[PDB]
Amino acid sequence: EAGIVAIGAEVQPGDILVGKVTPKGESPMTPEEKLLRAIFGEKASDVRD
Amino acid sequence: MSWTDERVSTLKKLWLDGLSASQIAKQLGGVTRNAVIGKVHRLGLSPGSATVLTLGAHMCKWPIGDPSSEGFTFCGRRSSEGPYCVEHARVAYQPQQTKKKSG
Amino acid sequence: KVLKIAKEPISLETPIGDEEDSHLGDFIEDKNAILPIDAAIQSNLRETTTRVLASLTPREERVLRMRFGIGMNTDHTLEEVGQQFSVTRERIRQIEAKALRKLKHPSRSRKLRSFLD
Amino acid sequence: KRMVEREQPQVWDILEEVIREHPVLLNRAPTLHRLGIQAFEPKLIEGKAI
Amino acid sequence: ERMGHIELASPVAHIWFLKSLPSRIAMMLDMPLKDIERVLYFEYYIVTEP
Amino acid sequence: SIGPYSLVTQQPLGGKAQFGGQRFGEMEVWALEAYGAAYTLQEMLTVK
Amino acid sequence: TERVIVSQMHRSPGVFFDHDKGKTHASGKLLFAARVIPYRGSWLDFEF
DNA sequence: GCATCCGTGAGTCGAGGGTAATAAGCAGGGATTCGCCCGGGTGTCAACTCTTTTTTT
DNA sequence: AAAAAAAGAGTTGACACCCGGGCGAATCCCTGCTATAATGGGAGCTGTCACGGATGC
Ligand SMILES: [Zn+2]
């Protein structure tokens, strides 16, 4: 729950070892992506992976 | 204080004609010092033998007396290749020049 | 806030390796650059958006392309599109909602769902 | 792009079909003569050694 | 693709056309390279229009 | 296949640390010039 | 990460008498140069 | 016509990964910058009227 | 054989709100002024040649 993999956990190439999110500033988006987001109703997150 | 149409006009006029910015708020009344600065920033538009006159080239220039006194003149003698005279060149500059360093 | 000032930034020519070669300028990534795989995904999305906008009526498609700048460089607000359209302010939202509901069907928005994921 | 990431078993058949006659260039580090760069026909094989 | 220029209060001599192997400035008007370095360093005074 | 590019040169980075690219050395360009290949060396230095 | 320090090997700070084997000269001859290379200081030479 | 002194060169691909030191003080006046708040243009909804394609008679 | 309405349009008021532009206030940057006597500076090669050229009498 803290974001770190448990000791003795099998991991594969390209796996999330430590989940860290950083605050991302507001950036302009293409109109097609905005239309798709409005169609699906999901809200764009303000944090970056 | 107030910010009517006449308040901005008189403020701009008093800032343009010239006056201390600190007294600008007091003359207008009510407005403080910080308000007028913000308004102007937001709105924009923010004995010898020669006197001191008969001193020619190649002459002594060692002063004698007090310049703020009645009689103040210079020597005015044969003192070419030097500002001061030979009689004062040894008393003005550092006598017995002995200095050296590395280079 | 006084601490963490980042004074005296490291020179980009400092040799990272023990030898003279392999400077610090090589071990640096460019963040502003966009990868070609990302740009290729944008073309696919721009083309699929035109194909999906073929079953709707001309009025709803026109109002959607006017409010959302799909083929237009400048965006248009609700009042701006209403001044040019018959419906002044109110029914434009209803037309947009109807067009959005028409696109929410899985049969019509099956290929378009993979972009969001 | 998501199908090849998870490495589905169906992608192997597409890889063998695409790599049929596409020649790849192989060259050693000290390329002294022009023979150091020679093209070949790649063939899928296990392991990590060319 | 945008460049900027810096204004100089006094003229300066190019280093490439001065300290290169063949003295380009010295080749003009038959001037030795040893004399040009003295004038640039403000050591001596050159006379013109006699 | 496609990785992060350089900062000032706008070229693919080097080294196996973060998606390096095999450097096409100067001697390798002479090999293509020896052969009659002119389009393989033209696209391998500009569009890649 | 532990880091060890390897020993360094350099010339001894003493006087030497090295003469070139007939090189860097117009005709065949020897120079017989002598050095007074100290540990920390300016070097000295008495080349012929 | 020779003797003495100052520039260029040194293969090529690969590994390896981050760095580091000095340190006056306070008084005057302006330009800058962060909090609150009224506000007018943008959205999101109750709720009153023509048209018409049938579905019922 | 006839004949009117849930939607489909079309609006009409009724909030909810969301950055913008001012009003403040709180606080940064610049600049100058300090009164015993201060009076020329610290690395750096020097364990490659060889060529090819630039100065001098
Ligand atoms: Zn005198």
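What the entry reports as its method is cryo-EM, with 3.7 Å given for the resolution.

1. A short note on the overall build of chain A
The helix and strand inventory of chain A stands at 1 helix and 2 strands. For chain A, the sequential pattern of α-helices and β-strands runs β-α-β. Each principal axis of the C-alpha atoms in chain A carries an extent, and together these give about 45 × 20 × 20 Å.

2. Some thoughts on the interface of chain C and chain A
Frequently, the measure chosen for interface size is the accessible area that the parts lose on association. Contacts between the two partners involve 16 residues from chain C and, on the opposite side, 12 residues from chain A. Where the side of chain C that touches chain A is concerned, the elements lending two or more residues are α1 (36–52), α4 (90–103) and α5 (113–116) of chain C. Residue classes in the side of chain C that touches chain A are distributed as 9 nonpolar, 3 polar and 4 charged.

3. What about the packing of helix α1 (residues 31–40) of chain A against α1(C)?
At a minimum axis distance of 10 Å, the contact between α1(A) and α1(C) shows a crossing angle of 60°. What the angle tells us is that α1(A) and α1(C) run oblique. Relative to α1(C), the crossing made by α1(A) is left-handed. Every residue of α1(C) that contacts α1(A) at A:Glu32, A:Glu33 and A:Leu35 is listed here: C:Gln42, C:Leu45, C:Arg46 and C:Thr49. A breakdown of the residues in the contact of α1(A) with α1(C) according to their chemical character gives 2 nonpolar, 2 polar and 3 charged.

4. As for the arrangement of the chains
The interface with the most contacts, out of 4 pairs of chains in contact, is the one formed by chains A and C. Without any contact between them, chain D and chain E keep their closest C-alpha atoms 35 Å apart. Looking at chain F next to chain G, you find no contact at all, with the nearest C-alpha pair sitting 20 Å apart.

Criteria and thresholds
Residues numbered from 1 in each chain as written, not as in the entry; some residues may be left out. Chains lettered and ligands numbered in written order. Part of a larger assembly, values for the part shown. Heavy atoms only, no water. Residues with missing side-chain atoms left out of burial classes, pairs and counts. Helix = DSSP H or I, 4+ residues; strand = E, 2+ residues; numbered from the N terminus. Contact = heavy atoms within 4.5 Å. Nonpolar A, V, L, I, M, F, W, Y, C, P; charged D, E, K, R; others polar. Axes fitted to C-alpha atoms, helices over the stretch in contact; angles between N-to-C directions. Parallel < 35°, antiparallel > 145°, perpendicular 65-115°, else oblique. Left-handed = near helix turned anticlockwise from the far one by under 90°.

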